[PDB]
Every structure is written in structure tokens, then in C-alpha cells.
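>
Protein chains: 4
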Amino acid sequence: XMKXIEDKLXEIXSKXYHXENXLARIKXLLXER
Amino acid sequence: XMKXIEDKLXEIXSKXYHXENXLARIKXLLXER
Amino acid sequence: XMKXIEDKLXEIXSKXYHXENXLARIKXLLXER
Amino acid sequence: XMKXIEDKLXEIXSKXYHXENXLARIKXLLXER
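Set out below in C-alpha cells:
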């Protein structure tokens, strides 16, 4: 239930790291700080 | 309701695959492991 | 409250379109189907 | 609890800015409006 939802919201806030590592991919393609 | 929210959180954790396939796009542009 | 959360989960499932339009950016950089 | 979830959904709708700034990276690689 409640603590299912909050601990999926755990996973998403891992996928929004995997967002950071998107950018750090893009900043590879750019060599940008 | 509760089980609406948990099964949107189903969809998001599909969109955060569609994140994986972003990266696997970027790693196309880079030919990187 | 409940119907705050479900209608943020509205917004996210708009941001995960704005994911589609990431890819359709990347597929610009690639000219890929 | 409820107001934990709504204020993670705060963070996500920050990560879906950090989506905008993905695109504004991609539009760097493209020089596109």
C-alpha cells in the first residue's frame, strides 16, 4: 500500500540518478562541465 | 484510488524503460558499452 | 490530497511526452525512425 | 506519509527541470530553438 507507493517513489528518485548519468552521456557528446 | 496511483507508478516505472532506451540513443551517438 | 497526488502523477505522465520529444531530439542527431 | 509522498512528487516534478535542462544539452548538440 502506502509504504509500496513511497518505497516506487525509492525507485523513481534511482531512475531520476540513471537522468544524471542522460546528462553525464550528453556532456561525452558535448566534453562539457 | 490507491490501486490508480500504484498501477500510474506501472506506467512511470514503462517510461523510466523508455530512460533506458534515452541512453541506449545516446550510447548510438557515442558506439559505447 | 489523494486526487493532488493522482492529478501530479497528470503532470508526470506530460513530462514522460516531453521523454518522447528527448528521443524524437536524439533521433534529430541520429535521422532515425 | 501522505504529505512524504506529495512533497517526493516536489522532487520529481525538480527532476522533470533537470528533463528541461536533457533538452536544452540536446538543443547544444543540435543550436536549435
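Note that the protein sequences, when read in sequence, are chains A, B, C and D. Residue numbering for the first sequence follows the entry's author numbering, starting at 1 and increasing by one per position. Residue numbering for the second sequence follows the entry's author numbering, starting at 1 and increasing by one per position. Residue numbering for the third sequence follows the entry's author numbering, starting at 1 and increasing by one per position. Residue numbering for the fourth sequence follows the entry's author numbering, starting at 1 and increasing by one per position. Using N, Cα and C, we set each Cβ at its ideal position, and we do this for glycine too.
What did DSSP end up calling residue 25/B once you bin it into helix, strand or coil?
When DSSP states are grouped into helix, strand and coil, residue 25/B belongs to the helix group.
> What separation, rounded to the nearest whole angstrom, lies between the Cα atoms of residue 21/C and residue 2/D?
32 Å
> Report yes if the C-beta distance between residue 12/C and residue 12/D is below 9 Å; otherwise report no.
yes
> Using 9 Å as the limit for Cβ to Cβ distance, is residue 8/C near chain D?
yes
> From the DSSP output, in three-state form, read off residue 6/D for me.
helix
> Please compile the residues from chain C whose C-beta is within a distance smaller than 9 Å of the C-beta of residue 29/B.
Using a Cβ-Cβ cut-off of 9 Å, residue 29/B is close to 26, 29, 30 of chain C, given in chain order.
> Can you tell me which of the three DSSP states residue 20/C falls into?
helix
> Buried or exposed for residue 33/D, going by 16 or more other Cβ atoms inside 10 Å?
exposed
> Could you tell me the distance, in whole angstroms, from the CA atom of residue 15/B to the CA atom of residue 27/D?
22 Å
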